[PDB]
Amino acid sequence: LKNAXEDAXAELXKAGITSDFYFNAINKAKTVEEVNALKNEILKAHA
């Protein structure tokens, strides 16, 4: 059910990101909207 953590996790694993700020933002993100926003932004930026 709550896969939006491991999705945003594995995707940023695949994208090759290891930046502490975005990791903190992603894991601190309590709402999935933030997760989608952060992930889609940085993923598109590192696609």
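Residues numbered from 1 in each chain as written, not as in the entry; some residues may be left out. Heavy atoms only, no water. Residues with missing side-chain atoms left out of burial classes, pairs and counts.

Method-wise, the PDB entry is recorded as coming from solution NMR.

**Here we look at the pattern of salt bridges**
According to the stated counting rule, one finds one salt bridge in the structure shown. For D7, the salt bridge is made with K39, and the minimal N-O distance between the two is 2.6 Å. Of this pair, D7 sits in helix α1 (residues 5–8) while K39 is found in helix α4 (residues 32–45), placing the two residues 32 residues apart along the sequence. Note on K39: relative accessible area 11%, which makes it buried. (Salt bridge = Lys/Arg side-chain N within 4 Å of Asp/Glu carboxyl O. Helix = DSSP H or I, 4+ residues; strand = E, 2+ residues; numbered from the N terminus. Buried < 20%, exposed > 50% of the residue type's maximum accessible area, 1.4 Å probe, protein only.)

**Points about α4**
The end-to-end C-alpha separation of α4 is 19 Å, in line with the 20 Å expected for 14 residues at 1.5 Å each. Taken residue by residue, α4 has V35, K39 and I42 as its buried positions. Buried residues of α4, viewed axially, fall in a sector of 80 degrees; they line one side. Looking at α4, the residues exposed on the side facing more than 90 degrees away from the buried face are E33, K44 and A45. Looking at the packing, one finds that the buried side of α4 touches α1, α2 (9–12) and α3 (20–28). (Expected span 1.5 Å × (residues − 1). Arc of directions from axis to C-beta. Contact = heavy atoms within 4.5 Å.)

**Quick look at the packing of α3 against α4**
Here α3 crosses α4 at 150 degrees, and the two axes come no closer than 9 Å. The orientation of α3 with respect to α4, classified from their angle, is roughly antiparallel. Between α3 and α4 the crossing geometry is left-handed. Across the interface between the two elements, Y22, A25 and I26 of α3 pack against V35, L38, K39, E41 and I42 of α4. Taken together, the residues of the contact of α3 with α4 break down into six nonpolar, no polar and two charged. (Axes fitted to C-alpha atoms, helices over the stretch in contact; angles between N-to-C directions. Parallel < 35°, antiparallel > 145°, perpendicular 65-115°, else oblique. Left-handed = near helix turned anticlockwise from the far one by under 90°. Nonpolar A, V, L, I, M, F, W, Y, C, P; charged D, E, K, R; others polar.)

**Considering the environment of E34**
On the secondary structure map, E34 appears in helix α4. The class for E34 is partly exposed, based on a relative accessible area of 39%.

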